[PDB]
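A quick write-up on the structure given underneath.
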Amino acid sequence: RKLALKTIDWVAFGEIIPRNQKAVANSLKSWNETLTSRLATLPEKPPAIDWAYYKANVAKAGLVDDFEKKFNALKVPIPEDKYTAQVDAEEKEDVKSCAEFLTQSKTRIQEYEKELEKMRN
Amino acid sequence: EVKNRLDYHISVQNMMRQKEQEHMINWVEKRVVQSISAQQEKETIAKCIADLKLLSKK
């Protein structure tokens with residue numbers, strides 16, 4: 001796969017703590033860092049292999065040739081999602097934030113402003 | 001994981017070459033050194049050259 005690249009605003013996050021996901025945040029910082037700083041250091045590939053020259057200097061011969069062909073012909077597996085429904089579980093809770101909560105909230109908020117006008121006046 | 005297996009095969013062939021080499025060497029050199037000086041002229045052939053030292057060094 002890749003890397004999620006995304007943005008972290010730390011006073012925002014941490015404060016958010018809607019109880020059913022709150023806990024994750026506090027832990028989530030520390031978990032992320034582990035991966036973050038670690039991956040930054042490592043290299044992703046190792047050295048490469050000149051099988052011919054090594055083979056010529058081996059005396060248990062044809063084995064290296066076997067391993068060589070099999071290695072070069074071979075592909076290793078990959079690692080895969082348990083969860084790309086989380087991706088979507090967002091947009092649903094985002095409906096929760098906006099429309100559901102937004103609108104009824106928005107109306108209240110606006111009114112107070114207009115209200116304040118007159119109660120300044 | 002591959003590399004280590006390869007290094008063993010190479011390393012053994014190296015180690016065995018030396019472990020033969022010294023024993024082969026000692027066995028050869030202890031055999032033919034026992035001869036030689038029966039030809040005293042391995043001695044003379046250098047008195048020859050050693051004389052080409054005694055001359056041609058000064």
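One is the number of the first residue shown, and numbering goes on along the chain from there.
When the header is checked for method, it gives electron microscopy, 6.4 Å.
Cβ atoms here come from the backbone N, Cα and C positions, even for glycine.
Listed features, source Swiss-Prot:
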| type | residues | note |
| --- | --- | --- |
| MOD_RES | B:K30 | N6-acetyllysine |
| MOD_RES | B:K42 | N6-acetyllysine |
| MOD_RES | B:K53 | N6-acetyllysine |
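Swiss-Prot feature annotations superimposed on the structure.
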| residue | record | DSSP (3 states) |
| --- | --- | --- |
| B:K30 | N6-acetyllysine | helix |
| B:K42 | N6-acetyllysine | helix |
| B:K53 | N6-acetyllysine | helix |
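Annotated pair B:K53 (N6-acetyllysine) and B:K42 (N6-acetyllysine), C-alpha to C-alpha distance, rounded: 16 Å. The Cβ of B:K53 (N6-acetyllysine) has 12 neighbouring Cβ atoms from other residues within 10 Å, across all protein chains displayed. B:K30 (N6-acetyllysine) is surrounded by 9 other CB atoms, counting those within 10 A of its CB over all protein chains shown.
Here the Cα atom of B:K30 (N6-acetyllysine) is found 17 Å from that of B:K42 (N6-acetyllysine).
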